[PDB]
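S.K.: Experimental coordinates for this protein are included below, preceded by the sequence.
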Amino acid sequence: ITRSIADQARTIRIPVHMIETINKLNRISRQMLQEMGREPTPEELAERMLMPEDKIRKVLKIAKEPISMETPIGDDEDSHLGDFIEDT
DNA sequence: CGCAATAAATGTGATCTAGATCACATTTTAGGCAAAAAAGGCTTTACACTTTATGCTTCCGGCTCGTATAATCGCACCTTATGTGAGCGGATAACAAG
């Protein structure tokens, strides 16, 4: 059961380490918060990890749902999320 | 031929320009022909294009395996309480026929 939901979980394919890299930076964020009491700035963790600081920000942009289309916005009658995007 | 009356036609003659002359010497004009500066011509050589075989290396990328671990279990507390009528099948009670 940990093999099937290990890849084909979301509606779209998702890598393995891409979801294992999130909780990796989690069990350390509160680790420095329970001691010092301040938010771990992207400077001290840049020396303990293999990620610089710039490219690591674009990684979070990938980790999403992202979002459906047939979802009410304002009119809640005929207006849909995928009905406001112009065509090229 | 004499008479009517709105338009067109008439004279004046001194003043002041407008338009024309002449023969010869000066000044302008036209197209002409090379030279210089420019257009594309049609060569022959200097270099530069991505492409694609390849294989070797380090770094970032993407995927799994087994292991170690405890469990196969437990309260008290916070705040609400959809709307209806119309259409439908099923279960139950009252009824006439045998």
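M.R.: The structure has been received and is ready for your questions. Residues are numbered from 1 along each chain as shown, chains lettered A, B, ... in the order given.
S.K.: measure the spatially most central residue of chain A to residue A:35 for me?
M.R.: Among the residues of chain A, the one closest to the centroid is residue A:63, at 2.9 Å (C-alpha atoms, centre = their mean). Distance of residue A:63 to residue A:35, computed by C-beta to C-beta, to the nearest Å: 27 Å. To be clear about C-beta, it is placed using only N, CA and C from the backbone, and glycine gets the same treatment.
S.K.: Residue numbers of chain A in contact with DNA strand B?
M.R.: A:3, A:6-7, A:15-18, A:20, A:50, A:55 (C-beta under 7 Å from any atom of the strand).
S.K.: ok, these vs residue A:75, which is closest?
M.R.: Each of the residues of chain A next to DNA strand B was scored against residue A:75 by C-beta to C-beta, and residue A:18 proved nearest at 36.5 Å.
S.K.: That closest one contacts residue A:63, doesn't it?
M.R.: Yes: counting by C-beta atoms under 8 Å, residue A:18 does reach residue A:63; the two are 6.8 Å apart.
S.K.: overlap in contacts of the two?
M.R.: Counting by C-beta atoms under 8 Å, 6 or more residues apart in numbering, residue A:18 and residue A:63 have no contacts in common.
S.K.: hmm, back to that, wouldn't the residue nearest to the centre of chain A be in contact with residue A:22 here?
M.R.: Yes: the criterion here is C-beta under 8 Å, and residue A:63 meets it with residue A:22 at 6.3 Å.
S.K.: give me the number of residues near residue A:38?
M.R.: Taking other C-beta atoms under 10 Å as the criterion, the count of residues near residue A:38 is 8.
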